[PDB]
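Chemist: Take this structure first; my questions come after.
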Amino acid sequence: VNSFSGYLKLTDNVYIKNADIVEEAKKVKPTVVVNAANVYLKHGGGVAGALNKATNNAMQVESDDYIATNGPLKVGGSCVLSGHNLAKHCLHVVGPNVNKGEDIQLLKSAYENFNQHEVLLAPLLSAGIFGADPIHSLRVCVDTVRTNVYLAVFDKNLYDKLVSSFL
Ligand SMILES: O=C(O)C[C@H](NC(=O)c1ncnc2[nH]cnc12)c1ccc(Br)cc1
């Protein structure tokens, strides 16, 4: 039993809700919140910009030190950093950005990072400003993630389409 509330169950291990991941994280304080990161951990917009804003830019400060030490992530890769006031940890995961020409096959590799964590609050990878089809992102999630994932979908219209079209 966990604290996540109001989710629709899609499969044994995947759950979905129309919610602002920022507000959801502040309420649940999950062990892991997933950020829709880029390789430079520049949290300018989309989910990343919103999460970072909610940390009063502390996420960005921590991320800049991480990059200065380690260099950029790989597309499809991840790193674990602090969750600040939102969660114990933030798993920064880089899905491919279609608006940069990146291989959509890397979306499966991106979701594989979730399997290193028993329970996660997460957005749909590569959705939104990353330009991929969110219906496809959900399919890859369900077919790749084996740990317990609670998906927050900000847009109500998109949430209803995701549910109504789910196989
Ligand atoms: O809707 C989505 O979940 C995907 C993307 N948004 C985000 O990734 C996002 N951004 C900020 N806070 C969030 N909390 C949870 N997801 C959040 C998006 C896609 C299509 C349309 Br249309 C409008 C937005």
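Here, A, B, ... name the chains of the structure tokens in the order displayed, residue numbers run from 1 inside each chain, and ligands are numbered from 1 in the same displayed order.
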Per residue of chain A within 10 Å of ligand 1, record the nearest atom pair and its distance in Å to one decimal, counting only C-alpha atoms and all ligand atoms, with rows in chain order and ascending residue number, as JSON lines.

Modeler:
```
{"residue": "A:17", "atom": "CA", "partner": "ligand 1", "partner_atom_place_in_ligand_line": "15 (C)", "distance": 9.3}
{"residue": "A:18", "atom": "CA", "partner": "ligand 1", "partner_atom_place_in_ligand_line": "3 (O)", "distance": 8.0}
{"residue": "A:19", "atom": "CA", "partner": "ligand 1", "partner_atom_place_in_ligand_line": "15 (C)", "distance": 6.1}
{"residue": "A:20", "atom": "CA", "partner": "ligand 1", "partner_atom_place_in_ligand_line": "14 (N)", "distance": 3.7}
{"residue": "A:21", "atom": "CA", "partner": "ligand 1", "partner_atom_place_in_ligand_line": "14 (N)", "distance": 3.6}
{"residue": "A:22", "atom": "CA", "partner": "ligand 1", "partner_atom_place_in_ligand_line": "14 (N)", "distance": 6.0}
{"residue": "A:23", "atom": "CA", "partner": "ligand 1", "partner_atom_place_in_ligand_line": "14 (N)", "distance": 8.0}
{"residue": "A:24", "atom": "CA", "partner": "ligand 1", "partner_atom_place_in_ligand_line": "14 (N)", "distance": 8.2}
{"residue": "A:25", "atom": "CA", "partner": "ligand 1", "partner_atom_place_in_ligand_line": "14 (N)", "distance": 9.5}
{"residue": "A:35", "atom": "CA", "partner": "ligand 1", "partner_atom_place_in_ligand_line": "8 (O)", "distance": 9.0}
{"residue": "A:36", "atom": "CA", "partner": "ligand 1", "partner_atom_place_in_ligand_line": "8 (O)", "distance": 7.2}
{"residue": "A:45", "atom": "CA", "partner": "ligand 1", "partner_atom_place_in_ligand_line": "10 (N)", "distance": 8.0}
{"residue": "A:46", "atom": "CA", "partner": "ligand 1", "partner_atom_place_in_ligand_line": "10 (N)", "distance": 4.7}
{"residue": "A:47", "atom": "CA", "partner": "ligand 1", "partner_atom_place_in_ligand_line": "10 (N)", "distance": 3.8}
{"residue": "A:48", "atom": "CA", "partner": "ligand 1", "partner_atom_place_in_ligand_line": "10 (N)", "distance": 7.5}
{"residue": "A:49", "atom": "CA", "partner": "ligand 1", "partner_atom_place_in_ligand_line": "11 (C)", "distance": 7.7}
{"residue": "A:50", "atom": "CA", "partner": "ligand 1", "partner_atom_place_in_ligand_line": "11 (C)", "distance": 5.7}
{"residue": "A:51", "atom": "CA", "partner": "ligand 1", "partner_atom_place_in_ligand_line": "12 (N)", "distance": 7.5}
{"residue": "A:121", "atom": "CA", "partner": "ligand 1", "partner_atom_place_in_ligand_line": "15 (C)", "distance": 9.7}
{"residue": "A:122", "atom": "CA", "partner": "ligand 1", "partner_atom_place_in_ligand_line": "15 (C)", "distance": 7.7}
{"residue": "A:123", "atom": "CA", "partner": "ligand 1", "partner_atom_place_in_ligand_line": "16 (N)", "distance": 5.1}
{"residue": "A:124", "atom": "CA", "partner": "ligand 1", "partner_atom_place_in_ligand_line": "3 (O)", "distance": 6.2}
{"residue": "A:125", "atom": "CA", "partner": "ligand 1", "partner_atom_place_in_ligand_line": "8 (O)", "distance": 7.7}
{"residue": "A:126", "atom": "CA", "partner": "ligand 1", "partner_atom_place_in_ligand_line": "8 (O)", "distance": 8.2}
{"residue": "A:127", "atom": "CA", "partner": "ligand 1", "partner_atom_place_in_ligand_line": "4 (C)", "distance": 5.1}
{"residue": "A:128", "atom": "CA", "partner": "ligand 1", "partner_atom_place_in_ligand_line": "19 (C)", "distance": 3.3}
{"residue": "A:129", "atom": "CA", "partner": "ligand 1", "partner_atom_place_in_ligand_line": "5 (C)", "distance": 6.6}
{"residue": "A:130", "atom": "CA", "partner": "ligand 1", "partner_atom_place_in_ligand_line": "5 (C)", "distance": 8.4}
{"residue": "A:131", "atom": "CA", "partner": "ligand 1", "partner_atom_place_in_ligand_line": "19 (C)", "distance": 8.5}
{"residue": "A:132", "atom": "CA", "partner": "ligand 1", "partner_atom_place_in_ligand_line": "19 (C)", "distance": 9.2}
{"residue": "A:133", "atom": "CA", "partner": "ligand 1", "partner_atom_place_in_ligand_line": "20 (C)", "distance": 9.0}
{"residue": "A:134", "atom": "CA", "partner": "ligand 1", "partner_atom_place_in_ligand_line": "19 (C)", "distance": 7.3}
{"residue": "A:151", "atom": "CA", "partner": "ligand 1", "partner_atom_place_in_ligand_line": "15 (C)", "distance": 8.0}
{"residue": "A:152", "atom": "CA", "partner": "ligand 1", "partner_atom_place_in_ligand_line": "15 (C)", "distance": 4.8}
{"residue": "A:153", "atom": "CA", "partner": "ligand 1", "partner_atom_place_in_ligand_line": "3 (O)", "distance": 3.4}
{"residue": "A:154", "atom": "CA", "partner": "ligand 1", "partner_atom_place_in_ligand_line": "1 (O)", "distance": 4.0}
{"residue": "A:155", "atom": "CA", "partner": "ligand 1", "partner_atom_place_in_ligand_line": "1 (O)", "distance": 4.2}
{"residue": "A:156", "atom": "CA", "partner": "ligand 1", "partner_atom_place_in_ligand_line": "1 (O)", "distance": 7.6}
{"residue": "A:157", "atom": "CA", "partner": "ligand 1", "partner_atom_place_in_ligand_line": "22 (Br)", "distance": 7.7}
{"residue": "A:158", "atom": "CA", "partner": "ligand 1", "partner_atom_place_in_ligand_line": "1 (O)", "distance": 6.4}
{"residue": "A:159", "atom": "CA", "partner": "ligand 1", "partner_atom_place_in_ligand_line": "1 (O)", "distance": 7.5}
```

Chemist: Put those residues in a file: N, CA and C atoms, as a short mmCIF file (atom, residue, chain, number, x, y, z; two decimals), in the first residue's frame.

Modeler:
```
data_model
loop_
_atom_site.label_atom_id
_atom_site.label_comp_id
_atom_site.auth_asym_id
_atom_site.auth_seq_id
_atom_site.Cartn_x
_atom_site.Cartn_y
_atom_site.Cartn_z
N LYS A 17 -2.99 9.27 -14.07
CA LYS A 17 -3.87 10.28 -13.50
C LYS A 17 -3.69 11.60 -14.24
N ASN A 18 -4.78 12.36 -14.38
CA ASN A 18 -4.69 13.74 -14.84
C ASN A 18 -4.25 14.59 -13.66
N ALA A 19 -3.00 15.04 -13.68
CA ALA A 19 -2.46 15.77 -12.54
C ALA A 19 -1.24 16.56 -12.97
N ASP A 20 -0.98 17.64 -12.23
CA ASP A 20 0.25 18.41 -12.33
C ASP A 20 1.30 17.70 -11.48
N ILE A 21 2.35 17.18 -12.13
CA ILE A 21 3.36 16.40 -11.42
C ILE A 21 3.98 17.20 -10.28
N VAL A 22 4.06 18.52 -10.42
CA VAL A 22 4.59 19.36 -9.35
C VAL A 22 3.69 19.27 -8.12
N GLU A 23 2.39 19.50 -8.30
CA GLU A 23 1.47 19.44 -7.16
C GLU A 23 1.37 18.03 -6.61
N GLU A 24 1.43 17.02 -7.48
CA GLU A 24 1.39 15.65 -7.01
C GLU A 24 2.61 15.32 -6.16
N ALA A 25 3.80 15.75 -6.61
CA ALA A 25 5.01 15.48 -5.84
C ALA A 25 4.96 16.15 -4.47
N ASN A 35 12.19 13.41 -13.62
CA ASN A 35 12.24 14.60 -14.45
C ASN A 35 12.47 14.23 -15.90
N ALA A 36 11.75 14.93 -16.78
CA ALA A 36 11.93 14.91 -18.23
C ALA A 36 13.12 15.80 -18.57
N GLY A 45 12.12 24.51 -19.39
CA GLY A 45 10.72 24.51 -19.77
C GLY A 45 10.16 23.11 -19.67
N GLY A 46 8.88 22.99 -20.03
CA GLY A 46 8.23 21.70 -19.89
C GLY A 46 8.18 21.26 -18.44
N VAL A 47 8.12 19.94 -18.25
CA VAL A 47 8.13 19.37 -16.91
C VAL A 47 9.36 19.82 -16.13
N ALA A 48 10.54 19.79 -16.76
CA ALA A 48 11.76 20.14 -16.05
C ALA A 48 11.73 21.58 -15.56
N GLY A 49 11.28 22.50 -16.41
CA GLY A 49 11.20 23.88 -15.99
C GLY A 49 10.26 24.05 -14.81
N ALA A 50 9.14 23.32 -14.82
CA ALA A 50 8.18 23.42 -13.73
C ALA A 50 8.73 22.81 -12.44
N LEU A 51 9.32 21.62 -12.52
CA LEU A 51 9.91 21.02 -11.32
C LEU A 51 10.99 21.92 -10.75
N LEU A 121 6.97 8.29 -9.32
CA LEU A 121 6.05 9.25 -9.92
C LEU A 121 6.73 9.81 -11.16
N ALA A 122 6.03 9.84 -12.29
CA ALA A 122 6.71 10.15 -13.54
C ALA A 122 5.80 10.81 -14.56
N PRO A 123 6.37 11.59 -15.47
CA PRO A 123 5.65 12.04 -16.66
C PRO A 123 5.86 11.02 -17.78
N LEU A 124 5.08 11.17 -18.84
CA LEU A 124 5.34 10.41 -20.05
C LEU A 124 6.60 10.95 -20.73
N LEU A 125 7.59 10.08 -20.88
CA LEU A 125 8.85 10.49 -21.47
C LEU A 125 8.66 10.84 -22.94
N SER A 126 9.39 11.86 -23.36
CA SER A 126 9.43 12.36 -24.72
C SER A 126 8.12 13.03 -25.16
N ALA A 127 7.13 13.17 -24.26
CA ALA A 127 5.88 13.85 -24.59
C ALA A 127 6.07 15.36 -24.47
N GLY A 128 4.97 16.10 -24.65
CA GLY A 128 5.04 17.54 -24.51
C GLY A 128 6.03 18.13 -25.49
N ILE A 129 6.87 19.04 -24.98
CA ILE A 129 7.81 19.76 -25.85
C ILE A 129 8.91 18.88 -26.41
N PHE A 130 9.02 17.62 -25.97
CA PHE A 130 9.97 16.70 -26.60
C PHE A 130 9.42 16.10 -27.90
N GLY A 131 8.15 16.32 -28.23
CA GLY A 131 7.68 16.11 -29.59
C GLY A 131 7.23 14.71 -29.97
N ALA A 132 7.31 13.73 -29.07
CA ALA A 132 6.86 12.40 -29.42
C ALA A 132 5.35 12.28 -29.21
N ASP A 133 4.78 11.23 -29.80
CA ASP A 133 3.36 10.92 -29.61
C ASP A 133 3.15 10.37 -28.20
N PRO A 134 2.37 11.03 -27.35
CA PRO A 134 2.17 10.51 -25.98
C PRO A 134 1.51 9.14 -25.92
N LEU A 151 1.90 7.62 -13.33
CA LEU A 151 2.06 8.61 -14.38
C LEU A 151 1.12 9.79 -14.14
N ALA A 152 1.68 10.99 -14.18
CA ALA A 152 0.92 12.23 -14.11
C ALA A 152 0.89 12.85 -15.50
N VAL A 153 -0.31 13.10 -16.01
CA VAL A 153 -0.53 13.72 -17.31
C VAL A 153 -1.20 15.06 -17.04
N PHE A 154 -0.50 16.16 -17.35
CA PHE A 154 -0.98 17.50 -17.01
C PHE A 154 -2.25 17.85 -17.77
N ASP A 155 -2.31 17.52 -19.05
CA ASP A 155 -3.41 17.96 -19.90
C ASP A 155 -4.60 17.03 -19.76
N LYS A 156 -5.75 17.58 -19.35
CA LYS A 156 -6.94 16.75 -19.15
C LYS A 156 -7.39 16.13 -20.47
N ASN A 157 -7.40 16.91 -21.55
CA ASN A 157 -7.80 16.37 -22.84
C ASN A 157 -6.89 15.22 -23.26
N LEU A 158 -5.58 15.36 -23.05
CA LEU A 158 -4.67 14.28 -23.40
C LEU A 158 -4.89 13.06 -22.51
N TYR A 159 -5.10 13.29 -21.21
CA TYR A 159 -5.37 12.18 -20.30
C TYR A 159 -6.55 11.34 -20.78
#
```

Chemist: Run DSSP on the backbone and tell me which residues of region 5-132 of chain A come out as strand (DSSP E); list them as a PyMOL selection string.

Modeler: chain A and resi 8-9+14-18+32-36+78-82+89-93+119-122

Chemist: Write out as a list in words the residues lying within 9 Å of residue 88 (chain A), counting only C-alpha atoms and excluding same-chain residues fewer than 3 positions away.

Modeler: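 Surrounding residues, per the criterion: residues 29, 30, 31, 32, 33, 82, 83, 84 and 85 of chain A.
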
Chemist: Set the distance at 12 Å and use only C-alpha atoms: which residues neighbour residue 74 (chain A) once local chain neighbours fewer than 6 positions away are removed? I'd like the list as an MDAnalysis selection string.

Modeler: chainID A and resid 37:41 67 92:96 102 106 109:110

Chemist: Which residues, written as a VMD selection string, have at least one atom at most 12 Å from residue 9 (chain A), with only C-alpha atoms counted and residues fewer than 2 positions away on the same chain left out?

Modeler: chain A and resid 4 to 7 11 to 17 142 148 to 151 163 166

Chemist: Quote the spacing between CA of residue 66 (chain A) and CA of residue 81 (chain A) in Å to one decimal place.

Modeler: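 CA of residue 81 (chain A) lies at a distance of 8.7 Å from CA of residue 66 (chain A).
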
Chemist: Could you work out how far CA of residue 167 (chain A) lies from CA of residue 10 (chain A), giving the answer in Å with one decimal?

Modeler: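 Answer for the CA of residue 10 (chain A) to CA of residue 167 (chain A) separation: 9.0 Å.
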
Chemist: Suppose you want the space between CA of residue 34 (chain A) and CA of residue 90 (chain A); what is it in Å?

Modeler: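 Calculated distance between CA of residue 34 (chain A) and CA of residue 90 (chain A) is 5.6 Å.
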
Chemist: Which one is closest to residue 107 (chain A): A:160, A:69, A:136, A:8? Count only C-alpha atoms.

Modeler: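 Among A:160, A:69, A:136, A:8, it is A:136 that comes nearest to residue 107 (chain A).
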
Chemist: Nearest residue to residue 117 (chain A) out of A:139, A:43, A:27, A:146, using only C-alpha atoms?

Modeler: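 Closest to residue 117 (chain A) of all the choices is A:146.
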